[PDB]
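Q: Once you've seen the sequence and the experimental structure below, I've got questions.
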Amino acid sequence: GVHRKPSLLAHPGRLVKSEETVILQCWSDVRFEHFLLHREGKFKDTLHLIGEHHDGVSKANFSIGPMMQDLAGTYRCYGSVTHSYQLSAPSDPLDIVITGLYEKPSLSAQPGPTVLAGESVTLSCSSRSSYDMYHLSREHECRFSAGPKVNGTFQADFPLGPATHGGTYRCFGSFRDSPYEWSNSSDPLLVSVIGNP
Amino acid sequence: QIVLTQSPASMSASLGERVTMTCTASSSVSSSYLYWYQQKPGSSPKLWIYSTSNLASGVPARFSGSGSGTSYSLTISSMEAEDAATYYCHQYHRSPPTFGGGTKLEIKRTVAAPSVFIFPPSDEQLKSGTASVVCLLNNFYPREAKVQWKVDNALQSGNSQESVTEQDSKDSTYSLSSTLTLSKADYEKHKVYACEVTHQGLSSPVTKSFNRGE
Amino acid sequence: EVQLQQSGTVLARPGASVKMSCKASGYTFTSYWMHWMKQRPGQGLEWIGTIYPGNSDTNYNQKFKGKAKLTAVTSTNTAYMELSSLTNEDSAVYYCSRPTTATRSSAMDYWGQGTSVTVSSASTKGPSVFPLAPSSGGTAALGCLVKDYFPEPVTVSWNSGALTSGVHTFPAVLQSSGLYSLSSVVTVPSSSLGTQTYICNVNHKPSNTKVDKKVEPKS
Ligand SMILES: *[C@@H]1O[C@H](CO)[C@@H](O)[C@H](O)[C@H]1NC(C)=O
Ligand SMILES: *[C@@H]1O[C@H](CO)[C@@H](O)[C@H](O)[C@H]1NC(C)=O
Ligand SMILES: *[C@@H]1O[C@H](CO)[C@@H](O)[C@H](O)[C@H]1NC(C)=O
């Protein structure tokens, strides 16, 4: 019938900076001689490469870049044993996002960056620009923004909870008409949780 | 790249008639981000309906909006003379935001016959080397009409240019001008110049001719 | 309250550049986005791009990526659009618009009056006005032929504005020369041809030409 689905991974990661490149690797155990990468979004496209075979694994590295807005969107990979093409089942989708296209937001901690254990921490991501939503990442949550606030800011609050254990957080802003196009990253925020004396 | 196709491209309704027009999107559009605009020639577009159904401020209740997914519609319960305009649909579900080809709403009336006149080139223009013969179709309806230029009973081509007015504020009629441009020497070569007009309300094609002399 | 004043009609030559303005009043210029649209004669609107004046951040349609440049000056509450590598295809009426809310996807509520840009290698030239003869029972036709002019705006009146009834001024047509030509006609009672002197007043402000032509029954 139809061959199994390949695996689709992005190196170094899912979020790509503007004018940089990302390697979307597509690999499978089936001896696929051809790999096809398809993007759904503003500018749909299908790229073809031939697959190398090493240690019983067929694979092909797709080089997406230098990153533009037209290259952002949902990607799926297909494998094929024959040409002139019997495509396999599509891979799991990957949402490739371009970042750094708008002013960076501000990321703050309430009540503070360092709290005692059990005390609550809420990360507020704000900006004078009318971003429609904000994305919080700890080294991925999306929350819609609220209307004009203090200083005309658009803002979103991410409650971390009682037992967050902290970490380093970054925030991105985005508009709802272009889901895969994000702003410059906010400055990193170290959230530390020390024990109660 | 969400393509918005509006049907029909042009339509005409009588006063008091119910009007409906459709906007079809190649991809699904969220109903909160589909908008209708009304534009009359010479002025900027005006927001008419926002988020599929909600009427903008200053828009009469005879207008309404509906639709979801890929099909949306604008409807007028009873046509009014002020409603005659071009209506565009617009999606901002996904960037780039896109507008439709538009649907031109006109006022339908009874058939009217075109009053045909023919004007010869002026003496002053003939002195400058170019000759323009003007044929006038005055206050007719509907708009569809044809104008054939015959020079010495010879059909011409490539030397004519047509210009049509918009519907009159009172008559709701159109008027057409067909201008034939020839050389002064080419004009003085042939004798009889005629303008043939065919349209509804004319039992047979009406010809208005003149002889180059006087 | 909220008004958007765009710059005036501009003539530009092929291969050059043109810059138009859009001045805002009645709202905090910094709090909202600004959109720019292109409308060629007899077609729908194309979205060129958008700019957020507070950041001067931009988002362009891929179609106009290299064609248009969007800037903003906060001190003057004014947005600008600069079109480069001009073609005849760039001849259109361009609009600026502000959406209902600060969300750049909300309905384009407020609209500027539009800037008409004409892109042609043609010559700024006054029009030649030739009479259209009454050329004799009933109501006769009489007019003026306004030919070979550029750019487009031309004004025709009759009897210094005292003759409004029966007038039809046709839209201009672009000739192979690149110059424009229209005709303004009027139907009058055939009896008044000897009693009344009918004249047409043609004004072409770009060339600063004003012409009064008497149209009389003649051979
Ligand atoms: C894809 O890239 C990885 C990381 O550099 C490399 O180890 C692997 O061999 C590449 N696959 C190819 C070239 O087929
Ligand atoms: C994004 O950040 C880079 C480096 O910090 C900066 O040069 C660039 O101007 C920023 N872009 C925007 C749109 O803020
Ligand atoms: C508002 O802006 C002022 C001036 O830049 C700044 O000092 C203040 O911290 C801001 N307040 C906020 C963001 O709540």
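A: Cool, the structure landed. Numbering: from 1, shown residues only, chains lettered A, B, ... in the order given. Ligands and ions are numbered 1, 2, ... in the order given.
Q: What are the structural domain limits within the chain?
A: Just going to use chain A. Per automatic domain parsing, the structural domains of chain A span A:7-98, A:106-194.
Q: Correction: the question concerned chain C.
A: According to automatic domain parsing, the ranges for chain C are C:3-119, C:128-215.
Q: Close to chain A: what parts of chain C are there?
A: C:28, C:30-33, C:52, C:54-55, C:57, C:59, C:62, C:101-105 (CB under 8 Å from any CB of the partner chain). Heads up, the C-betas are built off the backbone N, CA and C, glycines and all.
Q: Sort out for me which of those are in strands.
A: When the residues of chain C next to chain A are checked against strands (DSSP state E), the matches are C:52, C:57, C:59.
Q: I'd like those residues as a markdown table, with distance to residue C:204 appended.
A: Formatted as a markdown table, these follow (distance: CB to CB, whole Å):
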| residue | distance to residue C:204 |
| --- | --- |
| C:52 | 41 |
| C:57 | 43 |
| C:59 | 41 |
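Q: mind listing the helices for chain C?
A: For chain C, the helices defined by DSSP state H occupy C:192-195.
Q: could I get the domains of chain C as JSON lines with mean neighbour count?
A: Listed next are the domains of chain C as JSON lines, based on neighbours: other CB atoms under 10 Å in any protein chain shown:
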{"stretch": "domain C:3-119", "mean neighbour count": "18"}
{"stretch": "domain C:128-215", "mean neighbour count": "18"}
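Q: coming back round to it: pick the one among the ones in strands among the residues of chain C next to chain A closest to chain B.
A: residue C:59 (6.9 Å; CB to the nearest CB).
Q: show me the residues around the closest residue to that closest one other than its chain neighbours that make contact.
A: Spatial nearest neighbour of residue C:59, chain neighbours left out: residue C:50 (5.2 Å); criterion: CB to CB, 6 or more residues apart in numbering or on different chains. Going by CB atoms under 8 Å, 6 or more residues apart in numbering or on different chains, residue C:50 touches C:33, C:34, C:35, C:36, C:58, C:59, C:70, C:104.
Q: so which of the domains of chain A gets nearest chain B?
A: domain A:106-194 (4.3 Å).
Q: gap between that closest one and the chain center?
A: For domain A:106-194, the separation from the chain centroid amounts to 16 Å (computed by CA atoms, centre = their mean, to the nearest Å).
Q: Likewise for stretch A:56-68?
A: Worked out by CA atoms, centre = their mean, stretch A:56-68 lies 17 Å from the chain centre.
Q: how about that stretch: buried residues?
A: For stretch A:56-68, the neighbour count (16 or more other CB atoms under 10 Å in any protein chain shown) marks A:58, A:59, A:60, A:62, A:64, A:67, A:68 as buried.
Q: Touching, the fifth one and residue A:25? I think so.
A: Yep, that's residue A:64 we're talking about. No - applying CB atoms under 8 Å as the test, residue A:64 and residue A:25 come out as separate, 11.1 Å apart.
Q: any common contacting residues for the two?
A: With CB under 8 Å, 6+ apart, residue A:64 and residue A:25 have no common neighbours.
Q: which residues sit in contact with residue C:35?
A: B:97, C:47, C:48, C:49, C:50, C:96, C:97, C:98, C:99, C:104, C:108.
Q: does residue A:161 really touch residue A:119, like I thought?
A: No - counting by CB under 8 Å, residue A:161 stays clear of residue A:119, with 10.7 Å between them.
Q: Show me which residues of chain A sit near chain C.
A: Proximity of chain A to chain C, by CB under 8 Å from any CB, involves residues A:42-43, A:69-70, A:101-103, A:128-130, A:132, A:147-148, A:152, A:154, A:175-178, A:181.
Q: Which members of those are positioned in strands?
A: Reading strands off those with DSSP E, I get residue A:154.
Q: Can you tell me which of the residues of chain A next to chain C are classed as buried?
A: For the residues of chain A next to chain C, buried by 16+ other CB under 10 Å: A:42, A:69, A:101-103, A:128-130, A:132, A:152, A:154, A:175-178, A:181.
Q: which one among the residues you listed gets closest to ligand 2?
A: Closest approach between these and ligand 2, by CB to the nearest ligand atom: residue A:103, at 4.3 Å.
Q: so where does residue B:208 fall, helix or strand?
A: strand B:206-211 (DSSP states H and E).
Q: So which elements touch that strand?
A: If contacts are counted by 3 or more CB pairs under 8 Å, 6 or more residues apart in numbering or on different chains; DSSP states H and E, strand B:206-211 sits against strand B:115-119, strand B:192-198.
Q: gap between that strand and the chain center?
A: That offset, for strand B:206-211, works out to 27 Å (CA atoms, centre = their mean).
Q: Stretch A:59-73 too?
A: On CA atoms, centre = their mean, the centre of stretch A:59-73 falls 13 Å from the chain's centre.
Q: one step back: same list (the contacts of residue C:50) but as a markdown table, adding distance to residue B:174.
A: Listed next are these as a markdown table, based on distance: CB to CB, whole Å:
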| residue | distance to residue B:174 |
| --- | --- |
| C:33 | 41 |
| C:34 | 38 |
| C:35 | 35 |
| C:36 | 34 |
| C:58 | 44 |
| C:59 | 42 |
| C:70 | 40 |
| C:104 | 41 |
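Q: right, and out of these, which lies closest to residue A:47?
A: residue C:59 (25.4 Å; CB to CB).
Q: From ligand 1, how far out is the closest one?
A: When distance is defined by CB to the nearest ligand atom, to the nearest Å, residue C:59 is 33 Å away from ligand 1.
Q: Now do residue C:82 against ligand 2, distance only.
A: Taken as CB to the nearest ligand atom, the span from residue C:82 to ligand 2 is 19 Å.
Q: quick one: contacts for that residue?
A: Per CB under 8 Å, 6+ apart, neighbours of residue C:82: C:17, C:18, C:19, C:20, C:68, C:69, C:71.
Q: thinking again about what came up before, just the buried residues of stretch A:56-68: which are in strands?
A: A:58, A:59, A:60, A:62, A:64.
Q: out of those, which one sits closest to residue C:218?
A: Proximity of these to residue C:218 (CB to CB) peaks at residue A:64, which lies at 76.2 Å.
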